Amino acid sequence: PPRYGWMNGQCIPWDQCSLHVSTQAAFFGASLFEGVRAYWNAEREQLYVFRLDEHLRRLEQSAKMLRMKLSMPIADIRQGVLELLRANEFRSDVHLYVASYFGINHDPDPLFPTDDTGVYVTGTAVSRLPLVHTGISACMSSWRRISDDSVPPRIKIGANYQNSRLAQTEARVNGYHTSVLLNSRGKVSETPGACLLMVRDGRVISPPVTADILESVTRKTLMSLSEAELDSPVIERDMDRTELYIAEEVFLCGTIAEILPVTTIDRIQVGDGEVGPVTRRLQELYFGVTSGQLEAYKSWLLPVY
């Protein structure tokens, strides 16, 4: 485990990174959060946080819809990420959670938000799953994705993961790495913890932001890279379940997930069942960008030391 976490402006022993059970955060999962990765480059001896700004922008914007006042400005939270990476002396890849959470209730009504707000940042060392090279199996879920006008999947909040937990538990129980949820219009949305893209007739295709998905930072990154580097704009259109059986390639992306090739869906082979060239190409760009090997994209990276 790591030595420290960071809460409300200071590093503190990991041991005592705690919320009272009566806080809205602990009880309801009412924490708005961002997953952020830092990538270690051995040649150079540097750690690069990836697109922290896009993450912080999304947190601040999501806080509006929740009527949640940030406990401190995002600039200070940026400072926090730095303090935390450094206090733990991480010399490898790191997964971070940066959170703004509701605290103790200020009101007789327990379902109304409070003004008592805090922030914390957690990081743990991680390394790349061999599944990134191998490819994974997915199944279609029996669960339907939560809807925008009910519990918006566009807000990355602790509470919104129940829909994910059910889909993901079922997938694993049935022998798959993950599953694909249809939304209430019967179209492809995403996977419990990652956006889904496919290749058909030479084009990269992904569901639009109205398909009940989170608007992934990694998704947006791949869209830019496909456009700028492969001269292949990603087409955002609704997708059907049965298209995945005929696509040339399918793969998933997100901060934690990185880029995961999907080689079987419900045990049907995607294309010829191998990791596809577009996937590989996008993996090469993405790993290149995040580790700081491609100068053109350097302004996405925050050096830590």
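We number the residues from 1 along the sequence you see.
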Average Cα temperature factor in the PDB entry - higher stretch of 90 to 98, 135 to 143: 90 to 98
Mean C-alpha B-factor comparison - 38 to 46 and 239 to 247, higher one: 38 to 46
Options 115, 190, 170, 148 - largest CA temperature factor per the record: 115
Entry-reported Cα temperature factor of residue 57, expressed as the chain third it lands in: middle
CA B-factor ranking of residue 108, expressed as a third of its chain: highest
Cα B factor band for residue 203 (lowest, middle or highest third within the chain): middle
Residue 69 - which third its CA temperature factor falls in, relative to the rest of the chain: highest
Chain-relative CA temperature factor third for residue 232: middle
